[PDB]
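First the structure, in the form of structure tokens, and then the observations on it.
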Amino acid sequence: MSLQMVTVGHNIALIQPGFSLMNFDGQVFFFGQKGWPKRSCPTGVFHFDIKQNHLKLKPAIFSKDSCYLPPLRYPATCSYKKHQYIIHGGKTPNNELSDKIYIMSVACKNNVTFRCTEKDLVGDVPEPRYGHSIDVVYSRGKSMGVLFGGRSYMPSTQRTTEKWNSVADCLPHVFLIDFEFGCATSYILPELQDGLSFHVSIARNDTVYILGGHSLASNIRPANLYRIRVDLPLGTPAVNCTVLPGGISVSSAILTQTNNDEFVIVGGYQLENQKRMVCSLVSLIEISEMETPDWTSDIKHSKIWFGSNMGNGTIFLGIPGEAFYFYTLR
Amino acid sequence: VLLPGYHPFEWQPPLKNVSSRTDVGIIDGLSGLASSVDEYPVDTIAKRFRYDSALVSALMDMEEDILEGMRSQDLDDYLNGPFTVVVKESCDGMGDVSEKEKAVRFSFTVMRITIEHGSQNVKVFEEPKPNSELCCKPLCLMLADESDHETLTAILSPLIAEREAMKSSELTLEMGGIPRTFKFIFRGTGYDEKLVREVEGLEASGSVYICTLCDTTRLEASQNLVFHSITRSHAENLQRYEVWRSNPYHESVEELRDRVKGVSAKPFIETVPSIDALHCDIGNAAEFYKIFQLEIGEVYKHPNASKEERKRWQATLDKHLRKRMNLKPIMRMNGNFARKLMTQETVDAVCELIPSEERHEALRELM
Ligand SMILES: [Mn+2]
Ligand SMILES: [Zn+2]
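This is the structure:
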């Protein structure tokens with residue numbers, strides 16, 4: 001794991017905490033710019049190209065049948081195999103939380121045009137949230153989406169302007185989501201007692217592992233790991249969750265894929281005053301510490317850091333400053 | 509006594525989503541914004557009043573003027589009929605505050629108070645100096661950039677909720693021993709163009725949709741000078757944002773932008789966008805100055821000119837105005853220049869440089 005500084009083009013200001021990076025056919029794209037889209041880039045989605053440690057953001061265009069989604073901070077994102091991306095939740099530039107679901111796919115590639125289609129949700133729709141996890145599970149030749157955790161504002165009932173922006177953890181219900189038709193089912197589990205946000209999620213077959221996170225009510229980053237198994241029979245699917253010992257305690261960690269059935273996670277925040285400098289390796297599950305990479309002094313003494321997974325087993329990181344300072348850790 | 513939170517009041521019905529406590533003074537402007545390291549970084553500090561509590565304190569501050577205005581209109585001091593308060597909302601960035617950091621100031625001005633006595637609305641109070649800092653009452657001070665949309669919306673949305681809820685009620689408050697009733701009309705007019713375009717989801721000032729009041733384009737408004745109506749309104753803008761975001765007729769981005777007329781972001785403050793006396797004189801002066809330059813070179817007779825010929829015309833006009841009018845030439849437009857240039861005497865002066873007197877007639881009539 002070798003760390004490398006990155007310079008950025010004229011529009012470096014676009015990059016903000018809670019942004020997202022997505023990988024389509026090796027090509028990386030960027031979503032969640034700061035502020036509302038400008039006449040230079042109406043979509044707010046950018047070809048994210050790093051050449052010779054220099055980052056250029058180039059505007060991407062949407063297709064004619066596309067929705068023009070607002071840029072979203074801390075959405076729940078996952079990959080679906088045509089190859090596409092699922093975006094649910096998140097914060098808008100106006101500080102509003104979205105409960106809608108958007109689907110991103112490559113519509114045309116000329117020397120890329122995107123299709124962004126919003127999927128309506130009926131049934132047990134999840135309350136609008138940010139900082140939650142969403143993944144796709146496959147059980148008996150059927151595909152189903154699993155969504156857990158996060159935060160939102162107080163309900164319209166108890167919301168008072170004096171604490172207008174006050175947030176709380178969602179109810180720790182698991183949400184199964186059928187993407188073709190837009191239907192949503194909510195499951196209460198006995199093993200999931202507390203709310204959880206900013207956690208890490210790993211999806212293999214009919215299973216999703218939930219790691220770390222931050223529980224706002226207790227203000228603890230619990231050191232627990234949850235396995236969630238999903239069965240998709242002809243009838244209502246069945247969900248079982250089990251507590252697993254050996255869980256790391258980390259919020260806002262980033263996850264990347266180094267090889268099939270093996271993931272590495274670079275740090276997040278370990279305490280309010282502490283940072284997680286160490287790195288972990290997960291094999292599909298066993299969690300083993302790895303050698304900490306060569307952090308520079310600036311990263312070590314920064315109180316805040318943020319980042320996203322580029323896809324090619326390489327993390328793109330940022331520290332506060341110049342506006343922000345960026346690194347690539349491979 | 510003079511600060512918010514001292515006098516008691518009531519809202520009938522109670523304000524929606526607003527606490528009813530009346531002992532509330534200065535409260536945190538972030539309005540409970542999450543500050544965990546996980547969350548979005550908070551680089552600002554802010555303090556505000558609760559909007560209604562502030563209006564209460566303001567009315568109690570001006571009680572003496574209200575009572576004496578009722579007397580001055582031949583009315584009874586103890587009358588308690590429904591007073592109507594027209595309130596101006598203003599927001600501006602205060603530029604750099606650093607001592608060696618920008619600030620935003622959210623404020624309200626009491627513009628006038630009328631009473632209903634018969635089928636008449638009797639003006640018992642009106643602000644004499646509406647553009648003085650003495651009566652622009654502070655409501656929210658934040659250390660943040662008016663261009664930082666995320667922090668701006670997070671800090672201001674609570675205030676907009678309180679105002680929207682005050683739109684649906686009557687405030688009862690005890691003045692001079694007699695309980696009185698007040699209805700409020702909120703008019704957001706203290707927004708300069710940039711802040712209006714920001715908070716009403718319009719594009720930046722370089723756009724083709726130049727007017728914040730109408731759908732015209734720079735090209736259209738230059739071809740059709742006069743005939744346009746005020747057509748924008750907060751609701752229309754909200755709708756057009758939803759149109760942009762859903763793109764329901766599956767258009768290209770150019771066609772979509774044409775449809776929603778430059779509303780490409782979701783509004784979050786209902787404003788009354790206007791103009792000020794200054795900019796009228798200014799626009800007119802810029803056009804007249806360019807007309808003077810082009811009347812000296814006889815462009816009405818010669819269509820083509822090099823840049824050198826135009827700079828020599830402007831230099832000629834600048835030298836002549838310095839000589840005969842004692843107006844210094846300016847390299848960038850400004851208010852009092854417009855004020856001093858838009859006179860008939862300067863038309864005479866510039867006519868001293870134009871050969872043809874038919875164009876002397878043209879310029880004299882235009883001015
Ligand atoms: Mn300004
Ligand atoms: Zn207009």
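Quick note, the sequences are listed as chains G and H, same order. Heads up: the first sequence is residues 1 to 81, 88 to 117, 120 to 292, 297 to 333, 341 to 349, going by full-length UniProt numbering. Heads up: the second sequence is residues 509 to 608, 617 to 883, going by full-length UniProt numbering. Every residue, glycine too, gets a C-beta built ideally from N, C-alpha and C.
Asked: Looking only at DSSP bridge pairs, what is H:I694 linked to?; Found: H:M691
Asked: Since H:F698 and H:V593 should fall inside the 8 Å C-beta cutoff, what is the C-beta to C-beta distance between them, to a whole number of angstroms?; Found: 6 Å
Asked: So what does DSSP say about H:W519, is it helix, strand or coil?; Found: strand
Asked: From G:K127 to G:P245, what distance separates their C-alpha atoms?; Found: 21 Å
Asked: Quick one: does the C-beta of H:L711 sit closer than 8 Å to a heavy atom of ligand 1?; Found: yes
Asked: What did DSSP end up calling H:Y816 once you bin it into helix, strand or coil?; Found: coil
Asked: Quick check on G:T304: does DSSP put it in helix, strand or coil?; Found: coil
Asked: Taking the alpha helix (DSSP H) that H:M602 belongs to, which residues open and close that run?; Found: First-last for H:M602: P590 to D604, but that is the beta strand (DSSP E), not the alpha helix (DSSP H).
Asked: What residue from H:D708, H:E643 and H:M578 has the CA that sits closest to H:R621's CA?; Found: H:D708
Asked: Using 9 Å as the threshold, is the C-beta distance between residue 609 of chain H and H:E642 below it?; Found: Inspection of chain H shows residue 608 followed directly by residue 617; residue 609 of chain H is thus not represented.
Asked: Specify whether the stretch 583-590 of chain H and the stretch 166-182 of chain G touch according to this definition: at least 3 beta carbon pairs, one from each stretch, less than 8 Å apart.; Found: no
Asked: DSSP beta-bridge partners for G:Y108?; Found: G:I93 and G:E126
Asked: Tell me the DSSP secondary structure of G:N213 in three-state form.; Found: coil
Asked: What are the start and end residues of the alpha helix (DSSP H) that includes H:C867?; Found: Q860 to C867
Asked: Do G:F187 and G:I107 count as a contact pair if the criterion is CB distance below 9 Å?; Found: yes
Asked: Select from the stretch 24-38 of chain G all residues with a C-beta closer than 8 Å to any C-beta belonging to chain H, and list them in chain order.; Found: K34, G35, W36, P37 and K38
Asked: From the DSSP output, read off the bridge partner residues of G:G131.; Found: G:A192
Asked: Name the residues in the stretch 753-783 of chain H whose C-beta lies less than 8 Å from a C-beta of chain G; which are they?; Found: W760, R761, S762, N763, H766, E767, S768, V769, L772, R773, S780, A781 and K782
Asked: Quick check on this structure: which residue in H:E607, H:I629, H:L523 and H:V550 has the alpha carbon closest to the alpha carbon of H:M570?; Found: H:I629
Asked: What residues come near ligand 2, if near means a beta carbon less than 7 Å from any of its heavy atoms?; Found: H:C727, H:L729, H:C730, H:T732, H:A737 and H:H744
Asked: Please state the DSSP three-state secondary structure of H:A677.; Found: helix
Asked: Check for me: the beta strand (DSSP E) holding G:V145 runs from which residue to which?; Found: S141 to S147
Asked: Hey, would you say the C-beta of H:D604 is under 8 Å away from at least one heavy atom of ligand 1?; Found: no
Asked: Please report how far the alpha carbon of H:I726 lies from the alpha carbon of H:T733, in whole angstroms.; Found: 6 Å
Asked: Rounded C-beta distance between H:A542 and H:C656? I'm assuming under 8 Å.; Found: Not really, about 19 Å apart at Cβ, beyond 8 Å.
Asked: Here's a check: name, in chain order, each residue in its chain whose Cβ is nearer than 8 Å to the Cβ of H:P871, leaving out the five neighbours to either side.; Found: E814
Asked: Just to check, is the beta-carbon of H:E662 closer than 8 Å to a non-hydrogen atom of ligand 1?; Found: yes
Asked: Are the stretch 667-685 of chain H and the stretch 760-778 of chain H touching, with three or more C-beta to C-beta distances below 8 Å?; Found: no
Asked: So which residues of chain H does G:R167 contact, with C-beta pairs closer than 9 Å?; Found: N525 and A677
Asked: For H:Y816, is the classification buried or exposed, using 16 other Cβ atoms within 10 angstroms of its Cβ as the cut-off for buried?; Found: exposed
Asked: Could you name the residues, in chain order, whose CB is less than 5 Å away from a heavy atom belonging to ligand 1?; Found: H:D600 and H:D708
Asked: To the nearest angstrom, how far is the alpha carbon of G:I256 from that of G:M302?; Found: 13 Å
Asked: For G:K312, report the span of its alpha helix (DSSP H) as first-last.; Found: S309 to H313
Asked: At a CB-CB cut-off below 7 Å, which residues of chain H make contact with G:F206?; Found: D546
Asked: Is it the case that the stretch 233-252 of chain G contacts the stretch 514-526 of chain H, given that we only count it when at least three CB pairs across the two stretches are under 8 Å?; Found: no
Asked: Is the beta carbon of G:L55 sitting closer than 9 Å to the one on G:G9?; Found: yes
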